[PDB]
């Protein structure tokens, strides 16, 4: 990482989206992007499930068939996965590490797919639970490894009618994380540093907790719910972070409907993970499963200058949004956005807050404007009294410096929110000369 490292709360890039171009070109494509992302300040990349899926060439990895086939055996109609070959993935990992960029594996262990029809004694009918033909010959399995079985019928949850893995069985524990021949062992052996656990509401937190006890590494769980209490409960029990879906929805409530107050209220009344425990919050503006925020500039300006650990969605960075503004925000996040937060001003369409700084980052002032006009405000920010502050985004159309005299008062300006015309709706300030 050029600036902050992953464990230091550096910015993360979700290096994919739903239905990325197939043909096994993804691993090499992302690898060609490491140099640029390195210079941009990306500290880690989150890659899609790497194992051969039931849908083979069309698989996004969430319907894993042969865990130990990272695109190396002809199976399910293809040698490479939709993303590429095992060597291409390994090479991608190595290139990332050459630049100090960490790699996060998307771990899909709630369900499995592509098994052969097999008569099931616990259901009284045929189920696709026969995984004895796995080309890798590793972690084979049958109905006993899925619900229902002689242990219990069900667990926390299921998904898309796919065989639901029973992590309580020793065979399954051994093959997934409890041994040096385990899936976790394999992923690590090729260089994966951290983990992103898929659909964790489908099984117990004890699974992630033990996985982590064995391998460690940065970890986040996809616990999709709006109840902060449930998310933090799982976070603490598993030992991992959680995606801040609560913040996600509140940002949409605010930024997409001129309702900044809804976000302020949420942040103040612990209605988001980040406002409760910032060390457990992995923030985002969009992911491959959901993308409801249309006013993404104020959104990115917020997760990249506010507390928490931000994730940049590939499609926003490499397709839909102005890359330079995001790169600029990444720089601001790693150099200025530190410390506690103080809300300075807010109304229906404006939000101004101060980051008081930490030992590495001086702090800053974020001014988000959702209105269609240029705005200005006299704000009291004693944190910057006696200093020269500079607007770091360039969103004001030019180089703007201002003196915050001893008084602590300063007139701050923000551009209109009209991204369709190049006005992004936000300005970020901090001491001049950083």
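Numbering follows the first chain given and starts at 1.
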property: Residue stretch of maximal mean CA temperature factor, 56-64 vs 396-404; result: 396-404
property: Mean C-alpha B-factor comparison - 329-337 and 146-154, higher one; result: 146-154
property: Highest recorded Cα temperature factor - choice among 108, 321, 232, 303; result: 232
property: Highest recorded Cα temperature factor - choice among 287, 81, 179, 295; result: 179
property: Chain thirds of CA B-factor: placement of residue 137; result: highest
property: Among modelled residues of the same chain, the CA temperature factor third for residue 113; result: middle
property: Position of residue 209 among the chain's modelled residues by C-alpha B-factor, lowest, middle or highest third; result: highest
property: Third of the chain, ranked by Cα B-factor, where residue 242 sits; result: lowest
property: Cα B factor band for residue 352 (lowest, middle or highest third within the chain); result: lowest
